[PDB]
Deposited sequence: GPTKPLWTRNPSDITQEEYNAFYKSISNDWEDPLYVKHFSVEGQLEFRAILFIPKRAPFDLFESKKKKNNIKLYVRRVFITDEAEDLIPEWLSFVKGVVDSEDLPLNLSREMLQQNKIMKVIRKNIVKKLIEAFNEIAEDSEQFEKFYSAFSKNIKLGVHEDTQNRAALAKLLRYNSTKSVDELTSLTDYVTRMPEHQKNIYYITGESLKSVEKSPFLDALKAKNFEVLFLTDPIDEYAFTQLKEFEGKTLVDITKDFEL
């Protein structure tokens, strides 16, 4: 009897219906932070309703978030390859018209890649709202960094979601885009420094020469960020330069 929510038109669905559907499949007691409900048509046909939670689950990187349906028949809620692990925190449903039942599958790869791109569109929408992004970032910033570590195609887009303190963004974290806007036309590289903690990199003497040139320096105080940066290599055409390499 019930026409599944994900087969309905996103434009017609109310926030309340999305909230009820999220609570139903997750036991969360909070409404979801954001919902990304879309349809893909053409040589690839599938629909999905994906939810980003307001908080990281207790066992995020430790201790069946997506139900996979094929032609509206539930198949499994534990198909990996549907979404990479750094996105394990996303919940919802994916309904494929074409996936072949019973099983390197090509359809699965296309679906997976399409889902990652759509979730990155969602993260960019979220970033446009500081109240929402604050919740998003504090809960999943590490997951974003791990995506940057491994996703060669999407790491540039993901890099746009990273936030860091800097010699010019001391009370708030800054984005890489805003660092770039503050750059004088003669500055060619984005500079950063690494250290064991904020208090120590904040007074490193290597900063003196950059400050004398009025060049902003980003503060990276964790190996996961350092690796994210060397995997990125550049941002919006500007090379990422670690000022303590000499």
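Asker: Without any C-alpha position in the structure, which residue ranges of the deposited sequence would you list, numbering from 1?
Answerer: 1, 65-68, 109-114, 258-260 are the stretches of the deposited chain that have no C-alpha coordinates in the structure.
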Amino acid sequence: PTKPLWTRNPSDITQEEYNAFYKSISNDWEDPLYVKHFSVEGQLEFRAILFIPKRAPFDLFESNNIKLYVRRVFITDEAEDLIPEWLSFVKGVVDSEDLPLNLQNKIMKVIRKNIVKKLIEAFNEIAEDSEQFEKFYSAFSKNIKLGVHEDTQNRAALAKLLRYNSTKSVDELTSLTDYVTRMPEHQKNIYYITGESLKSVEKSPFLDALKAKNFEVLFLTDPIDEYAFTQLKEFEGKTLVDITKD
From here on, numbers count along this sequence of modelled residues.
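Asker: Would you tell me which stretch averages the higher CA B-factor in the PDB entry, 202-210 or 52-60?
Answerer: Averaged over C-alpha atoms, the B-factors run higher in 52-60.
Asker: For the C-alpha atoms alone, is the average B factor greater in 65-73 or in 181-189, going by the entry?
Answerer: The deposited B-factors put 181-189 ahead on the C-alpha mean.
Asker: Once the chain's modelled residues are ordered by C-alpha B factor and cut into thirds, is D95 in the lowest, middle or highest one?
Answerer: Lowest third - that is where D95 ends up once the chain's C-alpha B-factors are sorted.
Asker: Among the modelled residues of this chain, does the Cα B factor of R112 put it in the lowest, middle or highest third?
Answerer: Lowest third.
Asker: Grab the CA temperature factor for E216 from the record and place it in the lowest, middle or highest third of its chain.
Answerer: It belongs to the lowest third of the chain when residues are ordered by C-alpha B-factor.
Asker: Ranked by Cα temperature factor within the chain, is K106 in the lowest third, the middle third or the highest third?
Answerer: Tercile = highest for this residue's CA B-factor.
Asker: Within this chain, which third does the Cα B-factor at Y34 fall in: lowest, middle or highest?
Answerer: According to the entry, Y34 has a C-alpha B-factor in the chain's lowest third.
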